[PDB]
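Remarks on the overall topology
Each chain, letter by letter, is given below.
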Amino acid sequence: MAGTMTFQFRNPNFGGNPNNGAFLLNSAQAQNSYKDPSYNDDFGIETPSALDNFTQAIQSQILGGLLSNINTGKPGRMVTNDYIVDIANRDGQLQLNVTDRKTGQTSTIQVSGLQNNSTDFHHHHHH
């Protein structure tokens, strides 16, 4: 008698699902560049010979860092001209995300494994 469901079409617009490459990696030592840049780089950086697999082993782990470096934005950064020094201290590590202004490369320096603390308290002038 009653119109139970009948249409039952709700939830407008589905987005979709993404595919993944797993990126479980293998092993990358890279050893020798063999074709590294010469004369302001003619084509050395564009010849992925041995470093090829190494570069990819890094880009795979950068994907994880992207899940942290998007929650940054703290005012405690470093304003440098040729290098954008964004101090990504998140989670529990000092990740120094240096973005070059010239060519624009992401120099992500994860500071991990120092434990060398030189205690500094005043007396910054002694001869």
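Everything below is about the structure shown above.
The structure contained in this document is the topic of the report that follows. (Residues numbered from 1 in each chain as written, not as in the entry; some residues may be left out. Heavy atoms only, no water.)

So, about the environment of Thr55. Topologically, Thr55 is positioned in helix α1 (residues 51–65). The sequence separation of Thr55 and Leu66 amounts to 11 residues, and the corresponding C-alpha distance is 17 Å. (Helix = DSSP H or I, 4+ residues; strand = E, 2+ residues; numbered from the N terminus.)

Given a rise of 1.5 Å per residue, 15 residues ought to cover 21 Å, and the 21 Å separating the end C-alpha atoms of α1 matches this to within 8%. Taken residue by residue, α1 has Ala57, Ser60 and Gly65 as its buried positions. Along the axis of α1, the buried residues cluster in a sector spanning 160°; they form a single face. (Expected span 1.5 Å × (residues − 1). Buried < 20%, exposed > 50% of the residue type's maximum accessible area, 1.4 Å probe, protein only. Arc of directions from axis to C-beta.)

Relative to the assigned elements, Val111 resides in strand β4 (residues 106–111). Along the sequence, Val111 and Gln95 sit 16 residues apart, while their C-alpha atoms lie 5.7 Å from each other. What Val111 contacts, discounting residues up to four positions off in sequence, is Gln93 and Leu94. (Contact = heavy atoms within 4.5 Å.)

Picture the strands of a sheet paired through backbone hydrogen bonds; they go either parallel or antiparallel. Across the sheet, four strands lie side by side as β1-β2-β3-β4; this open sheet has antiparallel pairing. Looking at strand neighbours, the two that pair on one side only are β1 (78–79) and β4, the edges of this open sheet. Bridging between β1 and strand β2 (residues 83–90) involves two bridges; their strand directions are antiparallel. Residue pairing in the sheet places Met78 in a bridge with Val85 of β2. (Pairing = 2+ DSSP bridges.)

This part covers the pairing of strand β3 (residues 93–100). Here β2 pairs with β3 via eight bridges, running antiparallel. Considered in β3, the bridge of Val85 is made with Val98. Counted along the chain from β2 to the antiparallel partner β3, the turn is two residues long, and its residue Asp91 has a positive phi close to 70°. Pairing of β3 with β4 involves six bridges; the strand directions are antiparallel. Bridge pairing links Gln95 to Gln110 in β4. Linking two consecutive strands that pair antiparallel, namely β3 and β4, is a turn of five residues; a positive phi of about 85° is found at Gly104 within it.

Among the surface-exposed residues, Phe23, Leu51, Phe54, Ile58, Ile62, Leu63 and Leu66 lie close enough to one another that they form a single nonpolar patch of about 580 Å² accessible area. Its location among the elements puts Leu66 in the loop between α1 and β1. When its relative accessible area of 42% is taken as the criterion, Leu66 is described as partly exposed. (Patch = residues over 30% accessible without salt bridge, like charges linked within 9 Å, V, L, I, M, F, W, Y side chains within 5 Å. Areas by Shrake-Rupley, 256 points an atom, 1.4 Å probe, with all protein chains shown as cover. Salt bridge = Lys/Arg side-chain N within 4 Å of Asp/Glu carboxyl O.)

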